[PDB]
Each structure stands twice: as structure tokens, then as C-alpha cells.
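run.cif (mmCIF, C-alpha atoms and all ligand atoms) appears below.
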```
data_my_file
#
loop_
_atom_site.group_PDB
_atom_site.id
_atom_site.type_symbol
_atom_site.label_atom_id
_atom_site.label_comp_id
_atom_site.auth_asym_id
_atom_site.auth_seq_id
_atom_site.Cartn_x
_atom_site.Cartn_y
_atom_site.Cartn_z
ATOM 1 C CA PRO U 1 81.302 109.445 156.650
ATOM 2 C CA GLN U 2 83.441 110.700 159.507
ATOM 3 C CA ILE U 3 82.515 109.057 162.822
ATOM 4 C CA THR U 4 83.447 110.670 166.115
ATOM 5 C CA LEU U 5 83.811 108.541 169.221
ATOM 6 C CA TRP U 6 81.898 110.497 171.905
ATOM 7 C CA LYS U 7 79.238 107.804 171.620
ATOM 8 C CA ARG U 8 79.537 104.094 170.823
ATOM 9 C CA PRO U 9 79.987 103.764 167.016
ATOM 10 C CA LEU U 10 76.788 101.799 166.389
ATOM 11 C CA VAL U 11 75.615 101.625 162.766
ATOM 12 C CA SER U 12 72.775 100.051 160.810
ATOM 13 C CA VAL U 13 74.067 97.265 158.563
ATOM 14 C CA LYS U 14 72.191 95.536 155.734
ATOM 15 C CA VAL U 15 73.116 91.842 155.655
ATOM 16 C CA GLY U 16 71.296 88.711 154.509
ATOM 17 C CA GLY U 17 68.216 90.710 153.530
ATOM 18 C CA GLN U 18 67.978 92.035 157.127
ATOM 19 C CA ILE U 19 68.937 95.262 158.873
ATOM 20 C CA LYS U 20 70.841 94.845 162.143
ATOM 21 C CA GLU U 21 72.583 97.209 164.561
ATOM 22 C CA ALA U 22 76.323 96.590 164.925
ATOM 23 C CA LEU U 23 79.393 98.105 166.568
ATOM 24 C CA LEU U 24 82.433 99.269 164.579
ATOM 25 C CA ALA U 25 85.259 97.663 166.576
ATOM 26 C CA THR U 26 88.871 98.284 165.504
ATOM 27 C CA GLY U 27 90.035 95.988 168.277
ATOM 28 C CA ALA U 28 88.165 92.967 166.854
ATOM 29 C CA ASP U 29 89.828 90.757 164.250
ATOM 30 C CA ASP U 30 86.537 89.291 162.916
ATOM 31 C CA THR U 31 82.924 90.234 162.280
ATOM 32 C CA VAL U 32 80.389 88.360 164.430
ATOM 33 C CA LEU U 33 76.617 88.653 164.043
ATOM 34 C CA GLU U 34 73.771 87.084 166.023
ATOM 35 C CA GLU U 35 71.696 84.481 164.205
ATOM 36 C CA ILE U 36 70.772 85.270 160.580
ATOM 37 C CA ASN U 37 69.882 82.584 158.066
ATOM 38 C CA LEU U 38 72.607 83.146 155.526
ATOM 39 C CA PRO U 39 72.438 80.738 152.563
ATOM 40 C CA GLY U 40 74.835 78.056 151.466
ATOM 41 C CA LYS U 41 77.759 76.248 152.975
ATOM 42 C CA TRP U 42 79.721 77.281 156.058
ATOM 43 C CA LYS U 43 82.851 76.176 157.968
ATOM 44 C CA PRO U 44 83.007 75.561 161.723
ATOM 45 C CA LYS U 45 85.052 78.136 163.602
ATOM 46 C CA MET U 46 85.885 78.554 167.275
ATOM 47 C CA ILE U 47 86.081 82.070 168.694
ATOM 48 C CA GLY U 48 86.842 83.456 172.135
ATOM 49 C CA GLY U 49 89.361 81.508 174.149
ATOM 50 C CA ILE U 50 89.458 83.003 177.652
ATOM 51 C CA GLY U 51 87.477 80.500 179.689
ATOM 52 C CA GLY U 52 86.781 78.395 176.600
ATOM 53 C CA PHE U 53 85.707 78.702 172.983
ATOM 54 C CA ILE U 54 82.338 79.151 171.273
ATOM 55 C CA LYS U 55 81.646 77.254 168.037
ATOM 56 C CA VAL U 56 80.251 79.515 165.304
ATOM 57 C CA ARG U 57 79.384 79.255 161.607
ATOM 58 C CA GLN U 58 81.869 80.920 159.244
ATOM 59 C CA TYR U 59 80.289 82.244 156.033
ATOM 60 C CA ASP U 60 82.680 83.534 153.361
ATOM 61 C CA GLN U 61 82.286 86.288 150.760
ATOM 62 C CA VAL U 62 79.146 87.774 152.358
ATOM 63 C CA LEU U 63 77.916 91.193 151.217
ATOM 64 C CA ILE U 64 77.157 93.854 153.844
ATOM 65 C CA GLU U 65 76.287 97.525 153.410
ATOM 66 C CA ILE U 66 77.031 100.284 155.928
ATOM 67 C CA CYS U 67 76.188 103.969 155.315
ATOM 68 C CA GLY U 68 75.696 103.362 151.603
ATOM 69 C CA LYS U 69 79.018 101.546 151.204
ATOM 70 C CA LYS U 70 79.209 97.859 150.289
ATOM 71 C CA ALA U 71 81.763 95.338 151.474
ATOM 72 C CA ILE U 72 82.453 91.636 150.903
ATOM 73 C CA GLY U 73 84.064 89.499 153.564
ATOM 74 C CA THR U 74 83.770 86.726 156.104
ATOM 75 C CA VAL U 75 80.906 86.882 158.602
ATOM 76 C CA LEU U 76 80.792 84.624 161.659
ATOM 77 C CA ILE U 77 77.269 83.745 162.814
ATOM 78 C CA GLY U 78 76.687 82.816 166.411
ATOM 79 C CA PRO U 79 75.836 84.058 169.876
ATOM 80 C CA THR U 80 77.321 87.432 170.640
ATOM 81 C CA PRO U 81 76.133 90.044 173.168
ATOM 82 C CA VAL U 82 76.531 92.770 170.524
ATOM 83 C CA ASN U 83 76.975 92.506 166.768
ATOM 84 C CA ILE U 84 80.616 93.294 165.895
ATOM 85 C CA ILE U 85 82.027 94.779 162.659
ATOM 86 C CA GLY U 86 85.707 93.891 162.965
ATOM 87 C CA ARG U 87 88.846 94.732 161.038
ATOM 88 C CA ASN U 88 88.237 92.151 158.288
ATOM 89 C CA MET U 89 85.193 94.133 157.196
ATOM 90 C CA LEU U 90 86.477 97.590 158.149
ATOM 91 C CA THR U 91 89.333 97.284 155.643
ATOM 92 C CA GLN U 92 86.821 96.351 152.924
ATOM 93 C CA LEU U 93 84.933 99.597 153.640
ATOM 94 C CA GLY U 94 88.114 101.664 153.338
ATOM 95 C CA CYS U 95 87.814 102.459 157.044
ATOM 96 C CA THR U 96 90.799 104.183 158.671
ATOM 97 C CA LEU U 97 91.583 105.714 162.058
ATOM 98 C CA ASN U 98 92.749 109.342 161.894
ATOM 99 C CA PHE U 99 94.200 111.608 164.566
ATOM 100 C CA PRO S 1 98.553 109.778 161.388
ATOM 101 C CA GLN S 2 96.229 107.682 159.263
ATOM 102 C CA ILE S 3 96.005 104.083 160.505
ATOM 103 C CA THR S 4 94.818 101.310 158.220
ATOM 104 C CA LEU S 5 93.298 98.174 159.692
ATOM 105 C CA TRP S 6 95.017 95.334 157.776
ATOM 106 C CA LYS S 7 96.940 94.669 160.982
ATOM 107 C CA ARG S 8 95.923 95.108 164.622
ATOM 108 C CA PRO S 9 96.222 98.850 165.462
ATOM 109 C CA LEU S 10 98.905 98.463 168.135
ATOM 110 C CA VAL S 11 100.739 101.651 169.138
ATOM 111 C CA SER S 12 103.458 102.674 171.572
ATOM 112 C CA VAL S 13 102.033 104.851 174.348
ATOM 113 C CA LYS S 14 103.987 106.934 176.869
ATOM 114 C CA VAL S 15 102.229 106.834 180.247
ATOM 115 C CA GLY S 16 103.432 107.156 183.835
ATOM 116 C CA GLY S 17 107.042 107.568 182.719
ATOM 117 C CA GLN S 18 106.829 104.186 180.910
ATOM 118 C CA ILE S 19 106.337 103.087 177.314
ATOM 119 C CA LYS S 20 103.741 100.354 176.783
ATOM 120 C CA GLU S 21 102.156 98.704 173.744
ATOM 121 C CA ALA S 22 98.388 99.195 173.491
ATOM 122 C CA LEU S 23 95.503 98.523 171.115
ATOM 123 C CA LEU S 24 93.328 101.306 169.672
ATOM 124 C CA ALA S 25 89.841 99.895 170.299
ATOM 125 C CA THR S 26 86.799 101.874 169.110
ATOM 126 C CA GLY S 27 84.552 99.235 170.627
ATOM 127 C CA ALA S 28 85.889 99.823 174.166
ATOM 128 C CA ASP S 29 84.327 102.498 176.365
ATOM 129 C CA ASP S 30 87.369 102.824 178.691
ATOM 130 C CA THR S 31 91.152 102.660 178.649
ATOM 131 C CA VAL S 32 92.641 99.767 180.643
ATOM 132 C CA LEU S 33 96.365 99.255 181.222
ATOM 133 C CA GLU S 34 98.259 96.483 183.015
ATOM 134 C CA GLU S 35 99.974 97.449 186.258
ATOM 135 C CA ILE S 36 101.807 100.803 186.279
ATOM 136 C CA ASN S 37 102.528 102.718 189.464
ATOM 137 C CA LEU S 38 100.623 105.890 188.758
ATOM 138 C CA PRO S 39 100.824 108.443 191.594
ATOM 139 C CA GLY S 40 98.134 109.793 193.850
ATOM 140 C CA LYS S 41 94.607 108.854 194.730
ATOM 141 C CA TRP S 42 92.349 106.471 192.820
ATOM 142 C CA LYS S 43 88.713 105.272 192.913
ATOM 143 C CA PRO S 44 87.621 101.624 192.865
ATOM 144 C CA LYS S 45 85.915 100.590 189.646
ATOM 145 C CA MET S 46 84.451 97.298 188.472
ATOM 146 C CA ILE S 47 84.820 96.360 184.812
ATOM 147 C CA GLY S 48 83.710 93.379 182.758
ATOM 148 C CA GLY S 49 80.425 91.839 183.776
ATOM 149 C CA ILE S 50 79.956 88.648 181.747
ATOM 150 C CA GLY S 51 80.791 85.931 184.248
ATOM 151 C CA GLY S 52 81.592 88.510 186.925
ATOM 152 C CA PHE S 53 83.448 91.769 187.442
ATOM 153 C CA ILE S 54 87.108 92.646 187.999
ATOM 154 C CA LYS S 55 87.986 95.391 190.498
ATOM 155 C CA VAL S 56 90.436 97.932 189.056
ATOM 156 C CA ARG S 57 91.974 101.256 190.089
ATOM 157 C CA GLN S 58 90.527 104.319 188.342
ATOM 158 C CA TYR S 59 93.025 107.173 187.920
ATOM 159 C CA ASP S 60 91.640 110.470 186.604
ATOM 160 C CA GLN S 61 93.233 113.181 184.454
ATOM 161 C CA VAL S 62 96.228 111.038 183.427
ATOM 162 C CA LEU S 63 98.466 112.209 180.577
ATOM 163 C CA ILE S 64 99.276 109.781 177.747
ATOM 164 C CA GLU S 65 101.085 110.386 174.462
ATOM 165 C CA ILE S 66 100.520 108.440 171.238
ATOM 166 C CA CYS S 67 102.344 109.226 167.964
ATOM 167 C CA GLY S 68 103.447 112.618 169.255
ATOM 168 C CA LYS S 69 99.945 113.614 170.367
ATOM 169 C CA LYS S 70 99.060 114.143 174.028
ATOM 170 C CA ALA S 71 95.779 113.348 175.726
ATOM 171 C CA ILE S 72 94.345 113.664 179.241
ATOM 172 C CA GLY S 73 91.738 111.259 180.528
ATOM 173 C CA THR S 74 90.804 108.437 182.852
ATOM 174 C CA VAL S 75 93.025 105.351 182.903
ATOM 175 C CA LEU S 76 91.937 102.130 184.608
ATOM 176 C CA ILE S 77 94.814 100.065 186.013
ATOM 177 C CA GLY S 78 94.377 96.355 186.449
ATOM 178 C CA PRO S 79 94.752 92.944 184.871
ATOM 179 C CA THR S 80 94.006 92.935 181.181
ATOM 180 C CA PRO S 81 95.231 90.493 178.506
ATOM 181 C CA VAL S 82 96.077 93.434 176.222
ATOM 182 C CA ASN S 83 96.387 97.133 176.991
ATOM 183 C CA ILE S 84 93.317 98.947 175.603
ATOM 184 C CA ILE S 85 93.027 102.570 174.397
ATOM 185 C CA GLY S 86 89.263 103.075 174.425
ATOM 186 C CA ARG S 87 86.904 105.787 173.262
ATOM 187 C CA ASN S 88 87.434 108.009 176.325
ATOM 188 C CA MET S 89 91.029 108.536 175.235
ATOM 189 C CA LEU S 90 90.452 108.305 171.477
ATOM 190 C CA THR S 91 88.205 111.382 171.574
ATOM 191 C CA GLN S 92 90.931 113.291 173.444
ATOM 192 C CA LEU S 93 93.356 112.494 170.600
ATOM 193 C CA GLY S 94 90.912 113.783 167.983
ATOM 194 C CA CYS S 95 90.605 110.225 166.680
ATOM 195 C CA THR S 96 87.855 109.569 164.124
ATOM 196 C CA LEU S 97 86.769 106.662 161.933
ATOM 197 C CA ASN S 98 86.583 107.498 158.216
ATOM 198 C CA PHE S 99 85.195 105.521 155.292
HETATM 199 NA NA NA U 101 87.235 97.344 169.685
#
```
Represent the structure contained in this file as C-alpha cells.
Amino acid sequence: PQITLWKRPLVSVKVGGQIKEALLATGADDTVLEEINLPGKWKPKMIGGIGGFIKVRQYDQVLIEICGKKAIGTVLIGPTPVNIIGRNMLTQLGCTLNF
Amino acid sequence: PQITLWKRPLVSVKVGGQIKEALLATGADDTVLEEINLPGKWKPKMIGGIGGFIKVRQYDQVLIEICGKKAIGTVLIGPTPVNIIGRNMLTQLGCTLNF
């Protein structure tokens, strides 16, 4: 799909047996989703920085699907005002910016 | 140009007679640049929100150039950790996401 930017690029994403709404964010290094009970082991990770850090759960090699396209990558699980699809997942989708 | 996302999408941008480094950020509504002495009148604007707002200077119909392509739009001038090219300018460049 080609996605124009007149509106916020919000997509439906299938992850962990759920469907969530998330923002495609080329300015974000990582993908962060609000709480979902992903299975298996995780690593602690600290995100943020300005004013302090938030501790989140890093899950590796997680499958997500966006607009019929699948992608495997790290998903951070923790509090976030909006669910963020960041560059680590955008590259797995083949996502590019074009102008 | 086609821009892959293995690295942060940082570009050189010509604005206000200067050249600055800025991030192409599809998750950002607005374009925010650190201090540049743009000419003429401006409107107060408050950005941010989480933990409070920052007052910035809104300049309208400002020309910027990125990778040989020109674009006219609103530029907010104020403190920002990184210079942000947001959707309001990305649409003016013809920028689209593609996967
Ligand atoms: Na972004």
C-alpha cells in the first residue's frame, strides 16, 4: 500500500492474537505497544530518557501483520499513550519513504 | 529519493538561509526547528502536553528545501532536542510511505 500523510498514519495491526491500532512512526527507533500478554521470556529495557526512563518488557522475534504483510521483530510492551510501529518493524515490512 | 529506514531518516534542510539537520517523522503532526531568526510576524503556539506545554513561535508559509525539493508550510520555532519534519511538511514534499 501507498500511505499519504494528510492524516495520521494509523493502521490496524494483528499481534499476539489481538488487533490493535498503531501509528507508523519513522522517527521512532523501536516498536512500543500497550499491554498484551505475549508468551515466553522477555528482557528488561528502559525507554524514554527526558525526565527519566520507563521500564518495559522487550519481546524478541514477535510476529505482527499490517495490511496483509507479515513482519518479525522486537516489540516492547509497556505504557505508551499511542501504540508505535517504529523503524525496527518498518524495515521488516519493506517500508520506505518516497518523495 | 527513496529512503530506507535501517538508519534514522536524517536529512539536510535549507530553511531561513541556513542549513540544518532534521528528522523525517511521520508520527509528528508539525514541523519544529531549534532557533532560527525567521522574518516577520508569528503566532504563539503551545506544543507538547504530557507534563505541560512549551510555548513556541508559529511561522506560516515558510519555504524549506529537502533533497532538491521545495515545500511551503508552517514551521514552529522553539526548543526541541532534534529538529522534526512532520506530516504538515511531508505532504508538501509529496512524501508517502510504501510497503
Ligand atoms: Na515519528
Measuring atom to atom with all atoms listed in the file, identify which of S:12, S:88, S:61, S:18 is nearest to chain U.
-> S:88
Nearby residues, ligand NA 101 (chain U), 6 Å, all atoms listed in the file, as a PyMOL selection string = (chain U and resi 25-28) or (chain S and resi 25-28)
Run the PyMOL selection byres (((chain U and resi 80) around 8) and not hetatm) mentally over the shown coordinates, then write out the matched residues as JSON, numbers by chain, using the chain letters and numbers from the document.
-> {"U": [32, 33, 34, 78, 79, 81, 82, 83]}
Could you give me, as JSON lines, every chain S residue with an atom at most 9 Å from chain U, plus its closest atom pair and distance in Å to one decimal, counting only C-alpha atoms, rows ordered by chain then number?
```
{"residue": "S:1", "atom": "CA", "partner": "U:99", "partner_atom": "CA", "distance": 5.7}
{"residue": "S:2", "atom": "CA", "partner": "U:98", "partner_atom": "CA", "distance": 4.7}
{"residue": "S:3", "atom": "CA", "partner": "U:97", "partner_atom": "CA", "distance": 5.0}
{"residue": "S:4", "atom": "CA", "partner": "U:96", "partner_atom": "CA", "distance": 5.0}
{"residue": "S:5", "atom": "CA", "partner": "U:91", "partner_atom": "CA", "distance": 5.7}
{"residue": "S:6", "atom": "CA", "partner": "U:91", "partner_atom": "CA", "distance": 6.4}
{"residue": "S:7", "atom": "CA", "partner": "U:87", "partner_atom": "CA", "distance": 8.1}
{"residue": "S:8", "atom": "CA", "partner": "U:27", "partner_atom": "CA", "distance": 7.0}
{"residue": "S:9", "atom": "CA", "partner": "U:26", "partner_atom": "CA", "distance": 7.4}
{"residue": "S:23", "atom": "CA", "partner": "U:27", "partner_atom": "CA", "distance": 6.7}
{"residue": "S:24", "atom": "CA", "partner": "U:27", "partner_atom": "CA", "distance": 6.4}
{"residue": "S:25", "atom": "CA", "partner": "U:27", "partner_atom": "CA", "distance": 4.4}
{"residue": "S:26", "atom": "CA", "partner": "U:25", "partner_atom": "CA", "distance": 5.2}
{"residue": "S:27", "atom": "CA", "partner": "U:25", "partner_atom": "CA", "distance": 4.4}
{"residue": "S:28", "atom": "CA", "partner": "U:25", "partner_atom": "CA", "distance": 7.9}
{"residue": "S:29", "atom": "CA", "partner": "U:8", "partner_atom": "CA", "distance": 7.5}
{"residue": "S:69", "atom": "CA", "partner": "U:99", "partner_atom": "CA", "distance": 8.4}
{"residue": "S:84", "atom": "CA", "partner": "U:27", "partner_atom": "CA", "distance": 8.6}
{"residue": "S:87", "atom": "CA", "partner": "U:5", "partner_atom": "CA", "distance": 5.8}
{"residue": "S:88", "atom": "CA", "partner": "U:6", "partner_atom": "CA", "distance": 7.5}
{"residue": "S:90", "atom": "CA", "partner": "U:5", "partner_atom": "CA", "distance": 7.0}
{"residue": "S:91", "atom": "CA", "partner": "U:5", "partner_atom": "CA", "distance": 5.7}
{"residue": "S:93", "atom": "CA", "partner": "U:99", "partner_atom": "CA", "distance": 6.2}
{"residue": "S:94", "atom": "CA", "partner": "U:99", "partner_atom": "CA", "distance": 5.2}
{"residue": "S:95", "atom": "CA", "partner": "U:99", "partner_atom": "CA", "distance": 4.4}
{"residue": "S:96", "atom": "CA", "partner": "U:4", "partner_atom": "CA", "distance": 5.0}
{"residue": "S:97", "atom": "CA", "partner": "U:97", "partner_atom": "CA", "distance": 4.9}
{"residue": "S:98", "atom": "CA", "partner": "U:2", "partner_atom": "CA", "distance": 4.7}
{"residue": "S:99", "atom": "CA", "partner": "U:95", "partner_atom": "CA", "distance": 4.4}
```
Target residues per the PyMOL selection byres (((chain S and resi 37) around 10) and not hetatm), formatted as number ranges by chain | S: 16-18, 34-36, 38-40, 77
Atom-to-atom span, atom CA of residue 22 of chain U and atom CA of residue 21 of chain S, Å |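 Straight-line distance from atom CA of residue 22 of chain U to atom CA of residue 21 of chain S works out to 27.4 Å.
Nearest-residue note for residue 19 of chain S: choosing from S:76, S:31, S:65, S:71, the minimum distance belongs to S:65, counting only C-alpha atoms.
With atom CA of residue 55 of chain S on one side and atom CA of residue 41 of chain S on the other, the separation reads 15.6 Å.
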For segment 80-95 of chain U, take all atoms listed in the file, fit an axis-aligned box around them, add 5 Å to each of the six sides, then output centre and edge lengths in Å rounded to one decimal, as lines of an AutoDock Vina configuration file.
```
center_x = 82.7
center_y = 94.9
center_z = 163.0
size_x = 23.2
size_y = 25.0
size_z = 30.2
```
How far is it from atom CA of residue 20 of chain U to atom CA of residue 70 of chain U, in Å with one decimal?
->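 That distance, rounded to one decimal, is 14.8 Å.
When all atoms listed in the file are used to compute distances to residue 58 of chain U, the closest of the residues U:11, U:73, U:30, U:42 turns out to be U:42.
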Test item: the PyMOL selection byres (((chain U and resi 62) around 7) and not hetatm) resolved as a PyMOL selection string = chain U and resi 59-61+63-64+72-75
Where atoms are lacking, segment 8-31 of chain U completed to N, CA, C and O atoms, as a PDB file, keeping the file's coordinate frame:
```
ATOM      1  N   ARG U   8      79.178 105.377 171.422  1.00  0.00           N
ATOM      2  CA  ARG U   8      79.537 104.094 170.823  1.00  0.00           C
ATOM      3  C   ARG U   8      79.258 104.142 169.330  1.00  0.00           C
ATOM      4  O   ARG U   8      78.171 104.582 168.925  1.00  0.00           O
ATOM      5  N   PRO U   9      80.200 103.702 168.481  1.00  0.00           N
ATOM      6  CA  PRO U   9      79.987 103.764 167.016  1.00  0.00           C
ATOM      7  C   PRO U   9      79.089 102.642 166.510  1.00  0.00           C
ATOM      8  O   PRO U   9      79.517 101.693 165.833  1.00  0.00           O
ATOM      9  N   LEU U  10      77.799 102.750 166.835  1.00  0.00           N
ATOM     10  CA  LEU U  10      76.788 101.799 166.389  1.00  0.00           C
ATOM     11  C   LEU U  10      76.207 102.248 165.057  1.00  0.00           C
ATOM     12  O   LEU U  10      75.829 103.411 164.904  1.00  0.00           O
ATOM     13  N   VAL U  11      76.129 101.324 164.096  1.00  0.00           N
ATOM     14  CA  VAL U  11      75.615 101.625 162.766  1.00  0.00           C
ATOM     15  C   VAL U  11      74.522 100.622 162.410  1.00  0.00           C
ATOM     16  O   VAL U  11      74.421  99.543 162.994  1.00  0.00           O
ATOM     17  N   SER U  12      73.689 100.998 161.440  1.00  0.00           N
ATOM     18  CA  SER U  12      72.775 100.051 160.810  1.00  0.00           C
ATOM     19  C   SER U  12      73.500  99.359 159.663  1.00  0.00           C
ATOM     20  O   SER U  12      74.176 100.015 158.864  1.00  0.00           O
ATOM     21  N   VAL U  13      73.380  98.037 159.592  1.00  0.00           N
ATOM     22  CA  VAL U  13      74.067  97.265 158.563  1.00  0.00           C
ATOM     23  C   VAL U  13      73.067  96.338 157.875  1.00  0.00           C
ATOM     24  O   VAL U  13      72.318  95.610 158.538  1.00  0.00           O
ATOM     25  N   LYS U  14      73.034  96.400 156.550  1.00  0.00           N
ATOM     26  CA  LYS U  14      72.191  95.536 155.734  1.00  0.00           C
ATOM     27  C   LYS U  14      72.969  94.263 155.433  1.00  0.00           C
ATOM     28  O   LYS U  14      74.027  94.325 154.800  1.00  0.00           O
ATOM     29  N   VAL U  15      72.455  93.124 155.885  1.00  0.00           N
ATOM     30  CA  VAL U  15      73.116  91.842 155.655  1.00  0.00           C
ATOM     31  C   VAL U  15      72.062  90.741 155.613  1.00  0.00           C
ATOM     32  O   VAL U  15      71.137  90.713 156.434  1.00  0.00           O
ATOM     33  N   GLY U  16      72.199  89.845 154.637  1.00  0.00           N
ATOM     34  CA  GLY U  16      71.296  88.711 154.509  1.00  0.00           C
ATOM     35  C   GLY U  16      69.839  89.096 154.358  1.00  0.00           C
ATOM     36  O   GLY U  16      68.960  88.403 154.886  1.00  0.00           O
ATOM     37  N   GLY U  17      69.563  90.194 153.653  1.00  0.00           N
ATOM     38  CA  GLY U  17      68.216  90.710 153.530  1.00  0.00           C
ATOM     39  C   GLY U  17      67.646  91.358 154.775  1.00  0.00           C
ATOM     40  O   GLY U  17      66.489  91.798 154.743  1.00  0.00           O
ATOM     41  N   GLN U  18      68.406  91.425 155.871  1.00  0.00           N
ATOM     42  CA  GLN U  18      67.978  92.035 157.127  1.00  0.00           C
ATOM     43  C   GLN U  18      68.739  93.330 157.377  1.00  0.00           C
ATOM     44  O   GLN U  18      69.749  93.631 156.734  1.00  0.00           O
ATOM     45  N   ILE U  19      68.240  94.098 158.341  1.00  0.00           N
ATOM     46  CA  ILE U  19      68.937  95.262 158.873  1.00  0.00           C
ATOM     47  C   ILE U  19      69.183  95.008 160.351  1.00  0.00           C
ATOM     48  O   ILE U  19      68.234  94.772 161.109  1.00  0.00           O
ATOM     49  N   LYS U  20      70.453  95.036 160.755  1.00  0.00           N
ATOM     50  CA  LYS U  20      70.841  94.845 162.143  1.00  0.00           C
ATOM     51  C   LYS U  20      71.690  96.023 162.614  1.00  0.00           C
ATOM     52  O   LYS U  20      72.285  96.755 161.815  1.00  0.00           O
ATOM     53  N   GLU U  21      71.741  96.201 163.927  1.00  0.00           N
ATOM     54  CA  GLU U  21      72.583  97.209 164.561  1.00  0.00           C
ATOM     55  C   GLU U  21      73.896  96.564 165.001  1.00  0.00           C
ATOM     56  O   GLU U  21      73.884  95.515 165.648  1.00  0.00           O
ATOM     57  N   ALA U  22      75.023  97.190 164.664  1.00  0.00           N
ATOM     58  CA  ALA U  22      76.323  96.590 164.925  1.00  0.00           C
ATOM     59  C   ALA U  22      77.329  97.655 165.346  1.00  0.00           C
ATOM     60  O   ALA U  22      77.183  98.845 165.045  1.00  0.00           O
ATOM     61  N   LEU U  23      78.377  97.211 166.031  1.00  0.00           N
ATOM     62  CA  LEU U  23      79.393  98.105 166.568  1.00  0.00           C
ATOM     63  C   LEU U  23      80.655  98.043 165.712  1.00  0.00           C
ATOM     64  O   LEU U  23      81.171  96.952 165.448  1.00  0.00           O
ATOM     65  N   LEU U  24      81.156  99.207 165.289  1.00  0.00           N
ATOM     66  CA  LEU U  24      82.433  99.269 164.579  1.00  0.00           C
ATOM     67  C   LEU U  24      83.557  99.155 165.598  1.00  0.00           C
ATOM     68  O   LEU U  24      83.715 100.037 166.457  1.00  0.00           O
ATOM     69  N   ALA U  25      84.348  98.081 165.502  1.00  0.00           N
ATOM     70  CA  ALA U  25      85.259  97.663 166.576  1.00  0.00           C
ATOM     71  C   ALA U  25      86.655  97.412 166.002  1.00  0.00           C
ATOM     72  O   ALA U  25      86.934  96.319 165.504  1.00  0.00           O
ATOM     73  N   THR U  26      87.528  98.417 166.074  1.00  0.00           N
ATOM     74  CA  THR U  26      88.871  98.284 165.504  1.00  0.00           C
ATOM     75  C   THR U  26      89.732  97.314 166.281  1.00  0.00           C
ATOM     76  O   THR U  26      90.801  96.924 165.789  1.00  0.00           O
ATOM     77  N   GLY U  27      89.315  96.947 167.486  1.00  0.00           N
ATOM     78  CA  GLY U  27      90.035  95.988 168.277  1.00  0.00           C
ATOM     79  C   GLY U  27      89.646  94.555 168.018  1.00  0.00           C
ATOM     80  O   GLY U  27      90.255  93.662 168.609  1.00  0.00           O
ATOM     81  N   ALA U  28      88.645  94.309 167.170  1.00  0.00           N
ATOM     82  CA  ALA U  28      88.165  92.967 166.854  1.00  0.00           C
ATOM     83  C   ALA U  28      88.755  92.502 165.532  1.00  0.00           C
ATOM     84  O   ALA U  28      88.672  93.218 164.531  1.00  0.00           O
ATOM     85  N   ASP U  29      89.320  91.293 165.516  1.00  0.00           N
ATOM     86  CA  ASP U  29      89.828  90.757 164.250  1.00  0.00           C
ATOM     87  C   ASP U  29      88.697  90.460 163.264  1.00  0.00           C
ATOM     88  O   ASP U  29      88.811  90.782 162.075  1.00  0.00           O
ATOM     89  N   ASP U  30      87.596  89.863 163.739  1.00  0.00           N
ATOM     90  CA  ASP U  30      86.537  89.291 162.916  1.00  0.00           C
ATOM     91  C   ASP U  30      85.192  89.953 163.164  1.00  0.00           C
ATOM     92  O   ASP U  30      84.961  90.585 164.197  1.00  0.00           O
ATOM     93  N   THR U  31      84.286  89.724 162.228  1.00  0.00           N
ATOM     94  CA  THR U  31      82.924  90.234 162.280  1.00  0.00           C
ATOM     95  C   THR U  31      82.014  89.115 162.771  1.00  0.00           C
ATOM     96  O   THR U  31      82.002  88.018 162.189  1.00  0.00           O
TER      97      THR U  31
END
```
